[PDB]
Amino acid sequence: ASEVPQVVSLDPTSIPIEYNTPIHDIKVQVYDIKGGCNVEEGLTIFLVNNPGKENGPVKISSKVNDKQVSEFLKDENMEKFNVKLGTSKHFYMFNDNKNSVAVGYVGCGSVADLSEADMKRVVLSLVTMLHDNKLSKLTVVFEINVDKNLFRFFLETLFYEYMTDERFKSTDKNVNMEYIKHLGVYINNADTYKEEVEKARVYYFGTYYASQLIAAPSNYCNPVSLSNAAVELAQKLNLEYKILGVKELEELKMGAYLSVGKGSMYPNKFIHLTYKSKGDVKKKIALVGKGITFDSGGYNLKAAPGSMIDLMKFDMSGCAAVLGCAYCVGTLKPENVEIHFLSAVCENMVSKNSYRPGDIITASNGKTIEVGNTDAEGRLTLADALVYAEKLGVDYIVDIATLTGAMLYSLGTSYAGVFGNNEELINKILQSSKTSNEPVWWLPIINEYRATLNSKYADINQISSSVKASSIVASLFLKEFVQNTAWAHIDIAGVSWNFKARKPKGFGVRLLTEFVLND
Amino acid sequence: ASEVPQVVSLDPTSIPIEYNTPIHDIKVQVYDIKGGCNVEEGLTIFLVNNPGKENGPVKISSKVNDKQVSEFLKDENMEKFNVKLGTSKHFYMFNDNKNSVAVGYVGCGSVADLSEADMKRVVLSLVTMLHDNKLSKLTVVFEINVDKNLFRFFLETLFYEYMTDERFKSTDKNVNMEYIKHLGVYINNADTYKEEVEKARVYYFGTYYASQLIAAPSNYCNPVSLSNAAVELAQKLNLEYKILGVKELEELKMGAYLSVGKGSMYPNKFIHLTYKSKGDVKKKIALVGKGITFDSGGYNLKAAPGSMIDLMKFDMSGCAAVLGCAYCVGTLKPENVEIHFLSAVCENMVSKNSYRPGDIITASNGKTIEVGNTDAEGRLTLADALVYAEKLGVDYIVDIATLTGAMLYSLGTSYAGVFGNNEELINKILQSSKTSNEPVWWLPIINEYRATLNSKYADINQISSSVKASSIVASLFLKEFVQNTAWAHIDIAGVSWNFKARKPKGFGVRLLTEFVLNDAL
Amino acid sequence: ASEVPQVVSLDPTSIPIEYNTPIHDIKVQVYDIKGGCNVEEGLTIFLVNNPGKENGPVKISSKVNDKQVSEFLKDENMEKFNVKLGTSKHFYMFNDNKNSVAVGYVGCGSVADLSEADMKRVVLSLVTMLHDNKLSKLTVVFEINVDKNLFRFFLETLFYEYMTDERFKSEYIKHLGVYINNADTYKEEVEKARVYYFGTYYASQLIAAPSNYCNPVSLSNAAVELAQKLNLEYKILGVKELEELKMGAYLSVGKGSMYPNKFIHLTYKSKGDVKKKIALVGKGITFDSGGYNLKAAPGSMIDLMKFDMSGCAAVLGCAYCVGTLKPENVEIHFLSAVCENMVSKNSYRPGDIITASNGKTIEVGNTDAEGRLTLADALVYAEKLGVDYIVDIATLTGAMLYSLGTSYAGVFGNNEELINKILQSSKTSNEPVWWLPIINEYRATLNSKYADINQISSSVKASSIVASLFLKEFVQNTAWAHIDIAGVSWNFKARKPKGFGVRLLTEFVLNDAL
Ligand SMILES: O=C(CNc1ccccc1)N[C@@H](C(=O)NO)c1ccc(-c2cc(F)c(F)c(F)c2)cc1
Ligand SMILES: O=C(CNc1ccccc1)N[C@@H](C(=O)NO)c1ccc(-c2cc(F)c(F)c(F)c2)cc1
Ligand SMILES: O=C(CNc1ccccc1)N[C@@H](C(=O)NO)c1ccc(-c2cc(F)c(F)c(F)c2)cc1
Ligand code: NA
Ligand code: NA
Ligand SMILES: [Zn+2]
Ligand SMILES: [Zn+2]
Ligand SMILES: [Zn+2]
Ligand SMILES: [Zn+2]
Ligand SMILES: [Zn+2]
Ligand SMILES: [Zn+2]
């Protein structure tokens, strides 16, 4: 652990992190629907659809073990309500023991198989029922068909959206915010879904941990404090760790990564965590996250309208996903694998000491690079991280990065893009996207654009002379720093931030963990 | 001379410079064309035109001392080819010694007298024939008429365009790059052209030396490393030299120049080299180059669309031209002159320490200046350099500077602009432009605009309140720092960088050298 | 005369023109300073400098034949005032006859020879006193040195700046006295100055007239009226004739306007043998919206674009001076392809390929580069006349503001002798111009993939030079010059036209052409 430099004594010296969240105190119980539902304290919510009948009526099919509640939920009373996706109603009544109970439903539409986006809308409606209501228990009755992965995603998303991050509130903490202590779930074939519960709780926290790092502003979350947080995480999980400082980075000749950080008051810190299975290692994987804790753009300052310099604390979202994956992997302990979690962390600032547009810098593999724009800093840091990763001798290198704003014009805010030099690895990532329910789309590395990276003076240009397809150009540049290892690159610039809710998504934690686990 | 400060240990501490270039290893021989051409080895190229005939046929006039090549070059076999400017052809054949030779031509058009731009196109086509062909020797046969200056220009341009700067390549060096070892030239009245060969070689390196400094990026070429390179050049040439550091600049009260450099991690360095002739000194000249090794714009940051911040390593092109001229002058050693080569070198950066828009700063002649835009920094450094130059007691002061982007809208990328306070000196610059074949156009210093530099609080404003003709306004500002000396100002902002080829031109080395040489004779 | 189309009945159908101005009623007398200055009525202003002593004191050299005013003008009183250029004071007092007179000075700085810009500043300070005092007479005493041309420029500028254009709103002195050393040599400049003033003011009236008043129909109608008043030959070519002449570049620009294109051709021809023939071509865009390349960028000044016919205006003001002064042995053609560049379903588009009257196909790269298209067909028309010189004058390129600015126009040409004649006309008219090059290396950037030539360059930012290269393609074998007045036409500080070019072109015709 290194000391965080301060300008004034009021500058923070660590990222506040909540490990023991209220979600972790919730006791989860799963019951089979065949035994009927007991309707007692708290709120009991039925998830109901009506296939093929758009905005069709609500009908409750499950057996309910209360005559009063069964009478309330008969078809004649329920048919006045409809299943329109995201719609909900609350019910009040006295049960057979003369206790008042609260019941309701969330509409799940008319399409038998819900997409991750549909299921998220269902969860958001459920969370509105949890907020502003002091409940000790929620019970959820599944009258829809979900596979095991989608059941886990429901739980992960519920936990994540319910959790409210108050680390930076002082005088404006929500004085009414209370969390349930119990969650009941009724589902058909419950025994087959029970193994998903604790996996969902792990995936939730890896994702929420990533969100905590992302949302932490750049005065709290800087290269020293972020690498310190990684050390503490490794200590908690018994992972091996190494933080490389400037002197070691100079010895490794990491000139592209070091140049980006020249202008910052925070020394560069390179994170290397390692998980190794106890048994024979059958696969070795390097996960590389882009870790720019604030991106001002440098001398190519983000001053253009719409460049959103105020959100650029999120430019370490890739590092956060890799560290959240380390939480999940260190918790779940997969066998037969060795995983390296890597991030070349730095901050891109304006200073007398900053690198300049036009500088020619030398990466750790000897390639000279002409810098065309100091705001294309992520690919420079990743170049040196990829050289480092390939020296580890791994089977797969996967990097994840908020690399190019063009991602918003190609895939938008819902799907990440994956690029790579190896179809088998790309297909493994796409399969992990399916089982994590974090959507990714394969995009091409178009070799015809490579000539636009030819530099008159250096071995290569950082940016293209003509091509505006920057996500593809960036991938061509990165490809030059992986010589003979299967490699894939996930550009999460469009999917990292939830603009409607003004908070991170923690995108990539579950994708990467499913990738490690399914291998 | 001074230690280059570093942020990380990987930051470079000197500019790589190649002094012996492959061009210098080319042995050049000039033969009179009257004796006929020998065609034995390598590539032999005829420079051919057809005066008055639009796109007329190739017709070879020279005698060729080989029966086989003469048969190939007969009019009947050449009439399928035309002399269109820049067109070229290659021929393969066996000579009388049964050795395979390569022969060809480059078309020089139908207009007997070629401009500098025309000759450049001819040379560029020649260079394409040298690339991707591993040849030991090139022979050029002039079947066009060129004067001595244009023959020298041909060689200088050939040398400059042929040379490839690989200083910053490591893993991507051209594995196939081979240079000729011999250059043969056949020309009429060869004895009068032989003296141009070594002059062309000197002018080539002065221009290529300037290009090397310009193309070197701002992490390599900073105020300390550039002034160190100037000392090393002065030492090799036996020039007197002095580098003024911050404490001496403070004692000289160089407050405009020092303000520009406040925001940089590199201390300001003022270059002063001197060439002095052995005999009676009849003329004393100060050459002043703008030397901003990187121009971020300062707090008036180059953030507007079209502001090319990524190219601003070229903002010391004027300094580079002056040092390239020092090489040529120190090598050719003219008589009757003393030449001072000056540059107020610094870097324009954004920092807690930078000067601010609105600051009022005091120049070394006591004039107070209101800073209106920190990106108008060149005229500030030049103001103090001009005060220094006039204190030397010279006959002429000439400054050269990448000063105003408006130059691209006035003269464009081919012609530099010259402004000045003295008609005789302006005419001497124009004559040097003609004999150097570096084009310059005289532009006016329009005194009506001077009132727009009136400041409410300081003695003068740095920038105009209303006038958009910024090349003229900048000249008017500079004019305030020359009190009673003949002075001219050459704005090379539009001509310094070759946008098509993505490389410097080294513009001004030959212009300034011709200026010195013509005034010395 | 053609009928001006209207959208509503309130749209104007002619340009109001004032021919008889109050300036024409001023009686001018020039007296030699030797013998002393009489100070009897009105306002008397001394033009005074102080060479070497910058902002030095005012000192009056002339004898004044009034004892009271002489006391006022004593060195001890005048040294409280200084000669900083444009500074002025004037006081009211009783002269020896107990008549109220006003006496004062305008500072002329510390340089002995005033430039045209310095003299404008002097005149502006003089006019400020004329606008703020009810006066029957002004007397100006020259204690500075002016040559004959600068003296005439002084009078022209005084008349022009003093005149106030009130045509769109809903007392002048009657006498001007001038005391100057060697007065007899200056007397012939007075009525020349009055002619040059009105030609310049006439051009100013056409320029300042808004585009609803001054459109292609009403401007060509005004040109006919001028020709009739001056006994010039005249011809207005309409769309049917323009189509028969195949002027496809000019007609394309006007396609989107509600006003039909009108080509003005006036002719002055000397009574004696014609020894020199000259065509003067003025750009006449009565409003330049930019077309589909609309003037929407910050700083594109769409609200000022009524001035895009300033070249035509100068050519017509020149026709006034020439028809009035009647030079011998010359025939002069005054030409303008007048139209309006508008946005409509009917406009030409960026990318259109159009065919000029000499058969050249042109690829339109920007509809706001419309002036060179109209000038292209005008130059083909001019060369068919068989003239010795073609001079065009045009508000062509905004790049002039970045090259020479608002004070000097640029001249380009294909013939050095003709360029030097224009520069000499600039010296004697005191309308400054600077010679700029036509750089042949840029010509390749006008090579079009599909048409014979591009209208604009894709790569070269030296737009004034590229525009000249384009125009040169439409002059085959005639001495030709092109004067770009885009930067000098409008006086931004005073919010009015300059009428730039009228006097320059007249001096060229009178003195330098033949
Ligand atoms: O890609 C570029 C330059 N071209 C470009 C920029 C913006 C839009 C289209 C093209 N610059 C990147 C950078 O600075 N990398 O270091 C960058 C810039 C922006 C975002 C981002 C993230 C978000 F969440 C957004 F909602 C968003 F609009 C943009 C990510 C990376
Ligand atoms: O003139 C200005 C104000 N801006 C401006 C105005 C009008 C037109 C263009 C820019 N700023 C100067 C500066 O910053 N001086 O210190 C400067 C700025 C740019 C270039 C340059 C060089 C080139 F080779 C170019 F191709 C180019 F477009 C611009 C030179 C000097
Ligand atoms: O030159 C162009 C191309 N654009 C452009 C390029 C470089 C710089 C500025 C504009 N467009 C011309 C046009 O539209 N011709 O038809 C045009 C445009 C503007 C003015 C004008 C007149 C004034 F009096 C001004 F004060 C002024 F700022 C501009 C004249 C001609
Ligand atoms: Na953060
Ligand atoms: Na450089
Ligand atoms: Zn970034
Ligand atoms: Zn960036
Ligand atoms: Zn600069
Ligand atoms: Zn600048
Ligand atoms: Zn226009
Ligand atoms: Zn126009």
Side-chain angles (χ1 to χ4, degrees), chain A residues 12 15-17 165 167-168 209-223 225-226 229 260 290-298 300-302 307-309 311-321 323 345-349 356 358-360 373-382 401-405 407 457 470 474 491-493 496-497 503-504 506, chain B residues 12 15-17 165 167-168 209-223 225-226 229 290-295 311-321 323 345 347 402 496-497 503-504 506:
Chain A
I15 308 166
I17 309 267
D165 189 346
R167 295 166 299 146
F168 300 100
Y209 177 80
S211 172
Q212 288 186 76
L213 300 176
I214 295 162
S218 306
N219 60 323
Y220 284 84
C221 175
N222 55 64
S225 69
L226 183 52
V260 171
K290 171 183 174 184
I292 305 301
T293 59
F294 186 72
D295 184 10
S296 75
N300 288 98
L301 182 71
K302 291 173 182 310
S307 49
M308 332 179 253
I309 192 178
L311 295 170
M312 285 300 153
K313 75 184 170 176
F314 95 120
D315 221 19
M316 37 72 52
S317 293
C319 178
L323 291 176
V345 187
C346 60
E347 194 198 37
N348 191 20
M349 287 311 266
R356 281 149 299 255
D359 287 357
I360 285 177
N373 190 309
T374 60
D375 200 12
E377 86 292 340
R379 76 191 69 184
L380 298 179
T381 71
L382 286 172
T402 52
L403 207 55
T404 60
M407 267 338 279
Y457 293 101
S470 36
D491 197 332
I492 60 160
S496 179
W497 191 258
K503 68 183 197 199
Chain B
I15 306 168
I17 288 156
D165 186 347
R167 287 173 299 154
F168 298 101
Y209 177 78
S211 183
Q212 284 186 80
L213 301 176
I214 296 164
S218 302
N219 61 318
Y220 283 85
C221 174
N222 56 65
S225 70
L226 182 57
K290 172 183 165 168
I292 311 290
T293 60
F294 187 69
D295 188 10
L311 316 173
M312 288 290 153
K313 73 178 165 174
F314 52 51
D315 224 11
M316 36 58 71
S317 290
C319 177
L323 296 176
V345 184
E347 195 194 36
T402 50
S496 290
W497 191 258
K503 67 189 194 183

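When reading the values below, keep in mind they use all heavy atoms of this one structure, side chains included, and skip hydrogens, waters and symmetry mates. So that the names make sense, note that chain A is the first sequence line, chain B the second, and so on, each numbered from 1. One-based numbering, in listed order, for ligands and for the atoms of each.
Residues meeting the ring pair (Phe, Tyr, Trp, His ring centres under 6.0 Å) test with A/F314, sequence neighbours left out: none. For the salt bridge (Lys or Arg N to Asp or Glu O under 4.0 Å) test, residues two or more places apart in sequence or in another chain that qualify with A/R356 are A/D359, B/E347. Taking the ring pair (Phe, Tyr, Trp, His ring centres under 6.0 Å) definition, one finds that B/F168 meets it with B/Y220, sequence neighbours left out.
Considering just the N/O/S atoms of A/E377, the one nearest the Zn ion (ligand 6) carries the name OE2. When distances from the Zn ion (ligand 6) to the N, O or S atoms of A/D295 are compared, OD2 comes out shortest.
Side chains of B/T293 and B/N222: no donor on one and acceptor on the other come within 3.5 Å.
Remark: A/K302 engages A/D295 in a salt bridge, criterion side-chain N to carboxylate O under 4.0 Å.
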Criterion side chain to side chain contact (heavy atoms under 4.5 Å, CB included) on B/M316 and B/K290, from CA distance to verdict: CA-CA 6 Å; B/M316 36 58 71; B/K290 172 183 165 168; over 6 Å; no
Salt bridge (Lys or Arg N to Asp or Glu O under 4.0 Å) between A/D165 and A/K503, intermediate numbers included: CA-CA 10 Å; A/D165 189 346; A/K503 68 183 197 199; over 6 Å; no
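Taking 3.0 Å as the limit, the number of protein N, O or S atoms around the Na ion (ligand 4) is 3.
Residue contact annotation: A/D315 places an N/O/S atom under 2.8 Å from the Zn ion (ligand 6).
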